[PDB]
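What follows is a short report on a single structure.
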């Protein structure tokens, strides 16, 4: 079963793509702390900018996670 | 099945372009939180600049989602 | 046992995404220290954005740690 | 059947170069939001420097998408 | 053995995740030196944010050591 | 014909040199947008250094795609 | 001809050194744009350090394809 | 002749270290242009730290080149 | 051969440290000889990882 | 958005209605300045006019080619056409250069402007040249500064200001050229 | 407020700073300074001088399709709203030191 | 309560901070030059807040040693 053997080394090697969405959300949520430290009066607005950026950067993380059941479960 | 096993180990290595796209988008969305903390006056003009780049940096993500569809389903 | 042998190499390559969340939470808690040095009067407010981002960045660190459970045991 | 197999492994490792233009464009479009917040008077002139730098960095991404197409269909 | 052989490269390719916490801790501990150079009166409060953040980045690093302890020793 | 098989996975594993070039172009083109936003009176001279920088960092990209053409077509 | 096949994947993995020299060249040519924006009076002196930096950063990129040409043509 | 094959696939993987020291020399020589544009009266002095930083970082560029000649010619 | 990719990052880390030596001496040029005292301490205590990485290269090639 | 153009010539339109014509128009400080910031010029090559000011003395109004200012993120040099900059200065040495010679005033703080017409302005409160400073009195006062610890942080706002001023003054003369 | 005895010994900048500090107790959007400018020994022009508070009115009255102050690169510690607060207090104290010194010579 | 630099979070104004740095530079000068320091350092004025046209008594500053570095 070399076809099913290459599934998990394939879907495993697909999962390096979830590194940069963590490295991206780290500088993004680090800049949420940096932005609120510089302008604390609009900290009510800046979380709405981070969560809008959290959903659209995860779009990659659900583009990366749709591969691993397109390898295994397809 | 050495040919069909090759497409899972191939497309697994293909989608890790999304790591750099996920690392780039976090720099871009984090740069708006620094940009909105500087200017609250034009803060929604800058949202049009991020969603411009979010369409244009994901462009490479769907160029890398092209390859996992052109390896597995072609 | 080539299906079983290619589990552990693939599930080994799947947890390299834990570097990117490690690089993400490192710069996020770096910008918490730098952000508190701007104004320490909102320092406890800035941890409310830090652990919000920390819980939302470990969302990938659990999304990548379920796939290593979905390869070895599923 | 290994030469057609080794093409599918090749183009997957070939499009990892699309991560860097994914990380490069997020820095360049991230600096567009910081540049426009620093100076909203010339805010769309910086878009004229962004889209020229976008298509000049896209030339790298078209150089990487070429090799994905070249080692398969030539 | 093909299973017990591939455990080593399955563990070896799994512990590359310690690079990201190593590059993550340097940004976090680098911002302690920079955060105390700005505000040296709250310099011991920023250690209270450093070792809090050091615990929450190592927990992902210890998540990367538990996988090399169950691959080798399931 | 395993030599022609290793040419495809050799050329695919060769062109990730375009990634750091692509991330290198985005750093330089990002500083073009920031450097023009600081003083736009000298903005056209900075394009004369951005395009001078772009032609010299693609010079690495010249040396990486000639390798791909030397193992494949030579 | 596995020895001559390993020259193809050997020269492929060797060329990945040109990624990091391109990312360094973008930071060096990016700081030239930031450097010439701050003081446009000494922009002829700063390219005297950039081309000095260009002569020394690719001085090890020429070491990299020296390895490529010694594992291809020797 | 698998040892002469593994002599050369390890040689390409050995010289990937020339990427990061190429990224190191670009950040350091970028910080020479950023430092000489800050105050150019000590621009003579700062090259004495850049060439000092050059010769102490390119030791790693030959430490990996020590490894390259030790698996090519040993 | 796969052991010595790790010399890239310690080569990349020292470019940040020696780059911050040039960045730190441009901002405080009167204490510049103290900053080389912090650079070469940081140089010699990061080159330990450059030989920690070379340790595994010499234990795989010859042990 | 510029729907409210306040100005010196626009002060006179409302002043000719409510205030009587018995008085002449009151003067403004813009009417005594020959140099502005928005009208470009004043560089004509490699020189730029430097105006170094205390409240009690005009220290320089000549044209230099290099000015080294001690900003709060460190020292920085100003060439002929620098970027327009509002730089807050810490205690340090303002260093003027007209050529091969240099004058080293030690300042106590106060801002420094670089303007889009190339002119620059250094605005300090007390600027003593280092020949007027003797180092025997400097760290004897730092011995009185960094030893007393009042937890009232109005006093260690002053003591932090006392530490960084005296310590930058020690290295101002101990690192002599 | 009524301030007197400012010319008994001399006019100093620290005296003008404490006078300007009591004008930071009230936090207006403008500071009109009426004084006699010493033109010559014969003529004395009465001069008004205004200081616009940073986040009240100074950031808004420099807007010219964006801002006139955005051409300047802030090289200070905190953000521009704190640089301009330290600058307009400096600008109040400088022109109050000059006002009562011009008026004393007049 | 407020934020900003270290003097601004203490309630100290910039004019009080920059004068505290100013006279502390004048304290360590040479004696031919330090003689010209306490001239421009002395603060001699008085004030009276007028609530409705009736002041109170006074607040007389007679300090010859600079701006008060103590709390205010």
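Observations on the structure shown:
- Cα shape, chain I, gyration tensor, a/c 1.5 rule: prolate
- When the square roots of the Cα gyration tensor eigenvalues are ordered a ≥ b ≥ c, the ratio a/c for chain L is 1.5 or more and a/b does not exceed b/c, which makes its shape oblate.
- Antiparallel beta bridges, as assigned by DSSP with both residues in the protein assembly as shown, represent about 85 percent of the total such bridges.
- Prolate/oblate/rounded call for the stretch J:91-177, Cα gyration tensor, a/c under 1.5 rounded: oblate
- Residue F:55/residue E:51 FRET efficiency (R0 60 Å; Cβ-Cβ; nearest 0.05): 0.80
- C-alpha long axis of helix F:59-72 to longest principal axis of chain F, angle in °: 10 degrees
- Percent RCO, i.e. relative contact order, over chain C, from Cα pairs under 8 Å lying at least 6 residues apart: 52 percent
- Computed [θ] at 222 nm, deg cm²/dmol, the protein assembly as shown (DSSP H ≥ 4; -39,500 (n - 2.57); rounded to nearest 500): -21000 deg cm²/dmol
- Alpha carbon centroid spacing (whole Å) that separates the stretch K:1-77 from chain I: 53 Å
- Sequence-distant contacts, meaning Cα pairs under 8 Å at least 6 residues apart, place the relative contact order of chain L at 26 percent.
- Among J:161, J:144, J:37, the residue with the largest mean-square fluctuation in a Gaussian network model of chain J, with springs joining Cα atoms closer than 10 Å, is J:144.
- Per the Debye calculation on the stretch J:4-45 with a single equal scatterer at every Cα and no solvent contribution, log₁₀ I(q)/I(0) for q = 0.14, 0.21, 0.28, 0.31 Å⁻¹ amounts to -0.49, -0.80, -1.06, -1.15.
- Residue J:3-residue D:73 FRET efficiency (beta carbon distance; Förster radius 56 Å; 0.05 resolution): 0.35
- Across peptide J:35-46, the mean count of Cβ atoms from other chains lying within 10 Å of each residue's own Cβ comes to 1.
- Nearest-ten-degree value, helix J:155-174 long axis tilted from longest Cα axis of chain J: 70 degrees
- Relative to the longest principal axis of the Cα atoms of chain F, the long axis of helix F:2-12 lies at roughly 10 degrees.
Quick reminder, even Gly has a Cβ in these numbers, built from the backbone with ideal geometry, and neighbours come from all protein chains shown. We did not get these values from a lab; they are worked out from the coordinates using the rules stated.
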